[PDB]
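Engineer: Chains as they are written, first to last, in our numbering: chain A, 1384 to 1609; chain Y, 986 to 1185; chain U, 57 to 269.
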Amino acid sequence: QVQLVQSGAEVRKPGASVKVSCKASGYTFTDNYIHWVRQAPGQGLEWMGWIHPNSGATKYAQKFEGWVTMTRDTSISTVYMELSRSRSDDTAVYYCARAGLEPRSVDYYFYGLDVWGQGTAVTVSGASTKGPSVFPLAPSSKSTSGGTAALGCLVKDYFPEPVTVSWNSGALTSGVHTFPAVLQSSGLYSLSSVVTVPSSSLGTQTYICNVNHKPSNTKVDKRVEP
Amino acid sequence: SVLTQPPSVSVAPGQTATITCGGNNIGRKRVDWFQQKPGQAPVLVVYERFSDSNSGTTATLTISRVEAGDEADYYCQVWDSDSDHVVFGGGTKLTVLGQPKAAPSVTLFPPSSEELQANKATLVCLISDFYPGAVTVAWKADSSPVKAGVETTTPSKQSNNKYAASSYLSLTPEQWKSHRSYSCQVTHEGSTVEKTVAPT
Amino acid sequence: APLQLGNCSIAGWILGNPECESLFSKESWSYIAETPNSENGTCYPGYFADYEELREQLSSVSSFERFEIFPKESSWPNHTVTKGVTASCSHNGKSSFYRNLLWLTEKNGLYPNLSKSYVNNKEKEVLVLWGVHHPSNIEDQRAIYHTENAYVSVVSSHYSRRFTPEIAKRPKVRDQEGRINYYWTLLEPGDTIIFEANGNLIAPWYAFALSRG
Ligand SMILES: *[C@@H]1O[C@H](CO)[C@@H](O[C@@H]2O[C@H](CO)[C@@H](O)[C@H](O)[C@H]2NC(C)=O)[C@H](O)[C@H]1NC(C)=O
Ligand SMILES: *[C@@H]1O[C@H](CO)[C@@H](O)[C@H](O)[C@H]1NC(C)=O
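1) Which same chain residues end up closer than 7 Å to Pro1598(A) when comparing Cβ atoms and leaving out the 5 residues on each side of it in sequence?
2) For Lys1014(Y), does the three-state DSSP call read helix, strand or coil?
3) Measure the Cβ-Cβ separation of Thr1503(A) and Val1394(A) and say whether it is below 8 Å.
4) If distances are taken between C-alpha atoms only, which option among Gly1530(A), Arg1487(A), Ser1469(A) comes closest to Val1451(A)?
5) Is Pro133(U) near ligand 2 - that is, is its Cβ less than 7 Å away from at least one heavy atom of it?
6) Quick one: which chain A residues come within Cβ less than 8 Å of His1070(Y)?
7) Could you tell me the distance, in whole angstroms, from the CA atom of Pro1515(A) to the CA atom of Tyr1541(A)?
8) So what's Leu79(U) in DSSP terms, helix, strand or just coil?
9) Going along chain A in order, which residues have a C-beta closer than 8 Å to the C-beta of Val141(U)?
10) Cβ of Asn1010(Y) within 7 Å of any heavy atom in ligand 1?
11) Are the Cβ atoms of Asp1414(A) and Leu1029(Y) separated by less than 8 Å?
12) Any heavy atom of ligand 1 closer than 7 Å to the Cβ of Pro168(U)?
13) May I ask you to check if the CB of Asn254(U) is nearer than 7 Å to at least one heavy atom of ligand 1?
14) Take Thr220(U) as the anchor and find which of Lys228(U), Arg226(U), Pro227(U), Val210(U) has the nearest alpha-carbon.
15) Apply the 10 Å Cβ neighbour rule to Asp1058(Y) and answer buried if 16 or more other Cβ atoms are within range, or exposed otherwise.
16) With a 10 Å radius around its C-beta and 16 neighbouring C-beta atoms as the bar for buried, classify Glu162(U) as buried or exposed.
17) Do residue 1612(A) and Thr1138(Y) have their C-beta atoms closer together than 8 Å?
18) Chain U beta carbons: is any one of them nearer than 8 Å to that of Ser1460(A)?
19) Please list the residues of the segment 1036-1058 of chain Y that have a C-beta atom closer than 7 Å to any C-beta atom in chain U, keeping them in chain order.
20) Going by DSSP in three states, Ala1532(A) sits in which element: helix, strand or coil?
21) Using 8 Å as the threshold, is the segment 1137-1157 of chain Y in touch with the segment 1099-1117 of chain Y, meaning 3 or more CB pairs across them?
22) With a cut-off of 8 Å, does the C-beta of residue 34(U) fall near any C-beta of chain A?
23) So, under 8 Å CB-CB, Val1607(A) and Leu1574(A) are touching, yes? Tell me the CB distance rounded to an integer number of Å.
24) Mind reading off the beta-carbon distance from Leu988(Y) to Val1063(Y)? Whole number of angstroms is fine, and I expect it under 8 Å.
25) To which residues of the same chain is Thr1107(Y) closer than 8 Å at the C-beta, ignoring the five residues directly before and after it?
26) Can you tell me whether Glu181(U) is buried or exposed? The criterion is at least 16 other CB atoms within 10 Å of its CB, across all chains shown.
27) What runs of the beta strand (DSSP E), each 3 residues or longer, lie entirely inside the segment 1034-1076 of chain Y?
28) Please report how far the alpha carbon of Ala1392(A) lies from the alpha carbon of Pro260(U), in whole angstroms.
29) With distances taken between CB atoms, is the gap from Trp1124(Y) to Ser1163(Y) smaller than 8 Å?
30) Ignore the nearest five residues each way along the sequence and tell me which others in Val1385(A)'s own chain have a CB closer than 6 Å to its CB.
31) Can you have a look at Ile1048(Y) and say buried or exposed, based on whether 16 or more other CB atoms are within 10 angstroms of its CB?
32) Using a Cβ cut-off of 7 Å, pull out every chain A residue sitting near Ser151(U), in sequence order please.
33) Would you report the Cα separation of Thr1043(Y) and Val1476(A), rounded to the nearest angstrom?
34) For the beta strand (DSSP E) containing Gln1084(Y), list its first residue and its last residue.
35) So, under 8 Å CB-CB, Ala143(U) and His190(U) are touching, yes? Tell me the CB distance rounded to an integer number of Å.
Set out below in structure tokens:
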């Protein structure tokens, strides 16, 4: 029946106005509120504001007042949120929800958020393509466990995704686990690969991790030694 | 304002699950609960198995005969008249076990020699093989908390359906050499695991 | 013949208190049989204007006719009539309101200017009751009525007064900080009474046609 369609995911450089569209169908656009909320990746949501298409009245949260601007067009039954001035911390998925849960009592006169939208992924990082910086995770005595050691290499400061890691040119696949990358405050990415191997092969078997970064055409081979 | 929810709740399948949402003057105000499955848009909890009961300073959401599809992230929400702001709760990662629990294994790698020779210092703390997928990571430098230059990933499914998480902490070669030891302290279901690396 | 109000006060009975209405249905009475203790009175706190005058006039009436002055379904198409309920007037465990009044709230994010009236054709003198809501905080007022400079105007050839509600934090009575103030007038036969407002009006759902003699 009722649904909210949202503009697709846009990627922008910091400092640029990014606008998200939210269109309503199956109900008379003038009826209910439309709220906007945002969810930082892996975190909770934060309410941002709301606008009523019938009156055009808007209301913003304290953290979001000033830079966000919310408009509407009754003719096309679409509501807009404009994100003037982008910065890295605004990278998040942004939802639009209509307030269709009609309040029952005057005591609590607040329409609840009944139907939501698919979600728009806004990605802002800038950052030019940069080659990975590999630092082997050398096994220490505490990493040795008797019959099985713990060693790897660290892929640090790279942009963009993706990067693939292999060990001994793909011959060593047992005990291998490559972790997903994290976005540092510098704007660059870093991940780690760990290989679980018998502590007997140390100082005898040679361990090399292969790091491939296609976007910058950087291949790194690196020995991991005790 | 500042509604508070638990980081994680674990319930065995077919049992009962309760989620607590604490704040001031919830009283007359109703609390809207939203359910967000991973990678999905949250949906409003409408309501036999689902039922709420608010009393005074705390609102509670209860799920009866928990199912695998019920498992998600739960979010309470209340409008604060004075602040004029809609307030969202912090969040609850409810975990219907369906899989034997496990305490994480921690691996902490020291800054490598060639990163030290490149004028950088990064500690790699690897958290693996755990269930449910929710931990709190705390770094230490000679038993003193460090809350700068820390980056932690959200847990994700491993090769064996268990979860894995990682956390970094960037230094200069001077900060790494200026302390006797550095510690990575993980917490999971009350239990706490600490791993330490030293410049020797 | 008395009226046997019981635990109900005149103000509670005259307005349609939910736990009141279960026991009253008379047409020709002369006395009161009432207890001033309002166990069942103004379930919403406020002031009943010219109350003392109103008890004298109600006392000893030959006829008592209750009729729909403004039908709730037809009179207010551009306003909401179903959300004016409160726990202060709860009945049988469910929030309720006066059986003879109506709490208009916003519809579709708008509270249009309202203009409605009754031309007294009943040939009998009519009792018209209305209230003006005074909310506790500005945010509740904005949510329910949108306009922040609300006005209520009641005009007739015999009665003319314009109310301007204000936002006030008053000590908690029946778990309610806000107040409605209650006002009344008597409509001469052949006279018209006009209500004009942009919010905060407790409209008359039911009016009473009477003859004192
Ligand atoms: C509700 O009533 C107010 C007050 O009369 C209206 O506001 C006036 O509208 C007229 C339009 O001719 C203007 O000339 C005035 O300047 C407005 N202000 C005042 C103080 O009179 C308002 O337009 C009405 N709204 C609706 C929807 O009818
Ligand atoms: C609002 O009032 C107008 C009269 O001015 C009427 O025609 C209309 O049906 C009412 N309702 C809506 C939703 O416009």
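Note that beta-carbon positions come from the ideal geometry of N, C-alpha and C, so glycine has one too.
Structural biologist: Once the coordinates are examined:
1) Residue numbering aside, residue 1598(A) sits at position 215 when the first sequence is read from its first letter. Sequence-distant Cβ neighbours of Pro1598(A) in its own chain, meaning closer than 7 Å and more than five residues away, are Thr1512, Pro1543.
2) Taking the first residue of the second sequence as 1, we reach residue 1014(Y) at position 29. Correct three-state label for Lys1014(Y): coil.
3) Here the question's residue 1503(A) lines up with position 120 in the first sequence. Here the question's residue 1394(A) lines up with position 11 in the first sequence. No, they are not a contact pair.
4) Position 68 of the first sequence, counting from 1, holds the residue named residue 1451(A). Restricting attention to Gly1530(A), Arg1487(A), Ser1469(A), the CA atom closest to the CA of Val1451(A) is found in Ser1469(A).
5) Within the third sequence, the letter at position 77 stands for residue 133(U). At least one heavy atom of ligand 2 is nearer than 7 Å to the Cβ of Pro133(U), so yes.
6) The count along the second sequence starts at 1 and reaches residue 1070(Y) at position 85. By Cβ distance, chain A contributes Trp1430, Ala1444, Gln1445.
7) The sequence position of residue 1515(A) within the first sequence is 132, counting from 1. The sequence position of residue 1541(A) within the first sequence is 158, counting from 1. Spanning the two alpha carbons is a distance of roughly 4 Å.
8) As a first step, residue 79(U) is located in the third sequence; it is residue number 23 there, counting from the start. Looking at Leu79(U) - three-state DSSP - the assignment turns out to be helix.
9) As a first step, residue 141(U) must be located in the third sequence, where it is residue number 85. The contacting residues are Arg1487, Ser1488, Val1489.
10) Translated into the one-based positions of the second sequence, residue 1010(Y) becomes position 25. Because no heavy atom of ligand 1 lies under 7 Å away, the Cβ of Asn1010(Y) does not count as near it: no.
11) Translated into positions along the first sequence, residue 1414(A) becomes position 31. Translated into positions along the second sequence, residue 1029(Y) becomes position 44. Taking 8 Å as the Cβ cut-off, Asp1414(A) and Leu1029(Y) do not qualify as a contacting pair.
12) Position 112 of the third sequence, counting from 1, holds the residue named residue 168(U). Taking 7 Å as the cut-off, one finds at least one heavy atom of ligand 1 near enough to the beta carbon of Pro168(U).
13) Here residue 254(U) is taken as the residue at index 198 of the third sequence, counted from 1. Yes - ligand 1 has a heavy atom lying nearer than 7 Å to the Cβ of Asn254(U).
14) Position 164 of the third sequence, counted from the start, is the residue given in the question as residue 220(U). Cα-wise, what sits closest to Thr220(U) is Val210(U).
15) Position 73 of the second sequence, counted from the first residue, corresponds to residue 1058(Y). Under this definition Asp1058(Y) is a buried residue.
16) Here residue 162(U) is taken as the residue at index 106 of the third sequence, counted from 1. Counting of Cβ neighbours within 10 angstroms places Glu162(U) among the buried residues, the total reaching 16 or more.
17) Residue 1612(A) is absent from the model: chain A starts at 1384 and stops at 1609.
18) Locating residue 1460(A) in the first sequence gives position 77, where the first residue counts as 1. It does not; no Cβ of chain U falls within 8 Å.
19) Using a CB distance below 7 Å, no part of the segment 1036-1058 of chain Y faces chain U.
20) Mapped onto the first sequence, residue 1532(A) falls at position 149. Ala1532(A) falls in the coil class under three-state DSSP.
21) Touching, per the Cβ criterion.
22) Beyond the ends of chain U as shown, which are 57 and 269, falls residue 34(U); an answer cannot be given.
23) For this step, residue 1607(A) is matched to residue 224 along the first sequence. For this step, residue 1574(A) is matched to residue 191 along the first sequence. Not confirmed; about 16 Å, so no contact.
24) On the second sequence, position 3 is the one that residue 988(Y) refers to. On the second sequence, position 78 is the one that residue 1063(Y) refers to. Rounded, the Cβ-Cβ distance is 6 Å, consistent with contact.
25) Counting from one through the second sequence, the residue named residue 1107(Y) turns up at place 122. For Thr1107(Y), same chain residues with a beta-carbon under 8 Å away, outside a window of 5 residues either side, are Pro1096, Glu1100, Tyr1153, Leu1154, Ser1155, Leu1156 in chain order.
26) The count along the third sequence starts at 1 and reaches residue 181(U) at position 125. Under the 10 Å beta carbon count, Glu181(U) is surrounded by 16 or more other beta carbons and is classified as buried.
27) Entirely contained in the segment 1034-1076 of chain Y, the beta strand (DSSP E) runs reaching 3 residues are, in chain order, 1035-1040, 1043-1049, 1058-1065, 1070-1073.
28) Stepping through the first sequence from its first residue, residue 1392(A) is reached at position 9. Stepping through the third sequence from its first residue, residue 260(U) is reached at position 204. Looking at the two C-alpha atoms, the distance is approximately 53 Å.
29) The sequence position of residue 1124(Y) within the second sequence is 139, counting from 1. The sequence position of residue 1163(Y) within the second sequence is 178, counting from 1. Taking 8 Å as the cut-off, the Cβ atoms of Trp1124(Y) and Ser1163(Y) do not count as close.
30) For this step, residue 1385(A) is matched to residue 2 along the first sequence. Closer than 6 Å at Cβ, skipping near neighbours: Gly1409, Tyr1410, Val1498.
31) Mapped onto the second sequence, residue 1048(Y) falls at position 63. Taking a 10 Å sphere around the C-beta of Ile1048(Y), we find 16 or more other C-beta atoms and assign the residue as buried.
32) As a first step, residue 151(U) must be located in the third sequence, where it is residue number 95. By Cβ distance, chain A contributes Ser1488.
33) Counted from its first residue, the second sequence places residue 1043(Y) at position 58. Counted from its first residue, the first sequence places residue 1476(A) at position 93. Cα to Cα, the separation comes out at about 30 Å.
34) Mapped onto the second sequence, residue 1084(Y) falls at position 99. Boundaries cannot be given for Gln1084(Y), as no beta strand (DSSP E) includes it and DSSP labels it neither H nor E.
35) Along the third sequence, one-based indexing puts residue 143(U) at 87. Along the third sequence, one-based indexing puts residue 190(U) at 134. Contact doesn't hold; Cβ gap of about 18 Å is too wide.
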